[PDB]
Structures are given as C-alpha cells and as structure tokens.
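Just one chain is shown here, as structure tokens, and it is the form solved without the ligand.
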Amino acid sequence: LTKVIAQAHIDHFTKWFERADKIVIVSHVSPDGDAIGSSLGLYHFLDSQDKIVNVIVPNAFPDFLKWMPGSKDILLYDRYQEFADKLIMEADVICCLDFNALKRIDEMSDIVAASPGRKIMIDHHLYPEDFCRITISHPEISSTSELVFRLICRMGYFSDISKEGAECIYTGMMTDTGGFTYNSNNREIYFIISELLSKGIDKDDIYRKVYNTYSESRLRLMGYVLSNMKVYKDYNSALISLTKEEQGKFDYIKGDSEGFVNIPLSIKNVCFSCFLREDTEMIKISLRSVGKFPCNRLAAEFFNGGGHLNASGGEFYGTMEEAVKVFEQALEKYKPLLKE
C-alpha cells in the first residue's frame, strides 16, 4: 500500500522493460529461498510479457527448492559458463536480484561487470555498490521477494502475477524472515501475503516443502549435535560442533548442518550461538545471534570471516579444541557487550 520504491526508478525500468527483448536475472552465490524466490518471481512475470528471460546463478541451490516452478531452467554458472556468458553479454537488461556487491556472485563478477546490457539492482541488503545504472536498495524491507512484488505492482501488472509467480515470491518472504518469526513486524507484509493467497497459493504446503523435507539421518544428526552442545551460562552463548568422524558416521550430505546454529538460540538467555564443523580436507564456523549482538564483528576478528549482524561465518585453519579455545577468547573479550 505504501510507496517504498522511488517512482522515478519505476519509470526508468519500465522504459528498459518495454524496449527489452532479452533479459537476464542474476542472484548470489549459494542461492537460497529469497535468491531463487525473487528471481523466479520476476522470471514468471517477465516471461508472461513475451520476453526471452533466463535466470543465472553461480552455484547450486538446495534440493528443498527444486519444487519451485521454473527452478529446473535456472542456469548454473559453474556448469554452463560459456552458455551463461553469451546470455549475459547479449542481454538488453540485466536484473541483479538479492545482492548489492559484485563479490556476492563469485566468478560471475567479470562477465556481469563487462556486459553492456542495462543493469538494475533490486535488493534489501545494507551498503550497496554502484555497478548498476538503476539502484533499488531498501534495507528496511525484509526480503528481495517483497521488493519484486512491489515493483511489479507499481508498474501496474499485479494481475499478471501468476499462481506460480506468487508461490516463488511467498517462498522468499518466508525463508528470509524464518517463517515470519524475525524482522516481520511490518503491517504491509500481511496484506501482501493476503494478496498472494488470492492467487491460489498454498502457504502451508510451501512451508512443508521447504522445511519438512529432509532425511532421517539429517534429523538424527541434528539431535546428536544438540545432545553434545556446550552452553556458557555466564556469557549467554552456546557452542555446538561436528568432527570429520562424526560427519562420516552419520553419512553427512552437503547442507545437512543448515539451521543447526539457530537452534541453541531457543534456550532462554542464550543470545549468541556458534557451530563448528570440520571440512573435507579446516574448522568451518557458523555464527548466529538474536537481538543486537554483532556476529560479523566477531567473525572478522577471530575467524577472518564476516557477514551480517545476526548471521555470519568463516574458516579457522587448525583443530577442534584449538578452534574452541579461540571461540572462548572472543566470548571473554565481548563479555561486557553480551551482558547488555
């Protein structure tokens, strides 16, 4: 209902949109629900308007997103580089969805940077770069999928958002707010959800497809990791870990530890959570916080990593007990910050 996106930006893109024959949509490395949801949401709309549209991402997306209509036609850059490169170089318009810095598309950077096609960014992350000619940057909005819905609506094409398109948009809104459990207080979110439901989507089924679709081994693994968790009561923090012996034992598949780092936050007075995993070769670190404790600051100092305020990661080249000791240093240094 409220006009968040600048009308001038909407006017400009509409010009590009009407002139364009060939359009490419790009999103970030290791794309997730909102990367794929926003991209596929835009794809379905654009494809309904007699346009050649291809979605290209650097990297495979999780299997729990395969159900999404159009997902099979998403082009993986690390498997069809030459083909993708041609599409990118020849695109009249390149839509950059759910990232704001060329490093977020890891190896696609150069071809995207070089292409003479007209670039527009549609994103909700903080601190955007100026590689796009049109920049729609709204970090106050909780997902890129919502911005895509908003853009299409403001252009006057709400009626051309299909059931399939709506499914993809809802999926991204859902995943980026943890099923509307964080950063979701805004009223207009729920009007948008209602609008998407009017397109025939089944939001409950979509929840199940994304979150209630994984192996017996994965869930037993989650339980084992939780059984062996370490809580530091004076530091409002929790630690969980997986070794190579533990991973191999439970038959670890890629993406099995996804979300594990969040579970310890469901303990009362635990606002900061760390997960340590040995790689296939040393210690991978995942950090999560609830509230305002800066995950990205600790990661940058103690694990040469980074990311966002509430979710970060990085590697530590050493051993488990050695990596655990480093984690215990950071807890000690930022102890006063945690107590606030």
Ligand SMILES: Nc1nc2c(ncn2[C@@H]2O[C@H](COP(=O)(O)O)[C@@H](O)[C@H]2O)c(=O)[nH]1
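The first residue of the shown sequence is 1; numbering continues from there.
Form deposited with the ligand bound: not shown, discussed below.
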property: 4.5 Å heavy atom contact, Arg118 to the ligand in the deposited bound form; result: no
property: Touches the ligand in the deposited bound form: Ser312 (any heavy atom, 4.5 Å); result: yes
property: The ligand contact in the deposited bound form: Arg150, any heavy atom under 4.5 Å; result: no
property: Heavy atom of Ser289 within 4.5 Å of the ligand in the deposited bound form; result: no
property: Partner-contacting position among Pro62, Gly307, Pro69, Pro294 - heavy atom within 4.5 Å of the ligand in the deposited bound form; result: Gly307
property: Answer range among 313-321, 19-27, 6-14, 326-334 for contact with the ligand, defined in the deposited bound form as heavy atoms within 4.5 Å; result: 313-321
property: Partner contacts in the deposited bound form for 92-114 (non-hydrogen atom within 4.5 angstroms of the ligand); result: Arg104
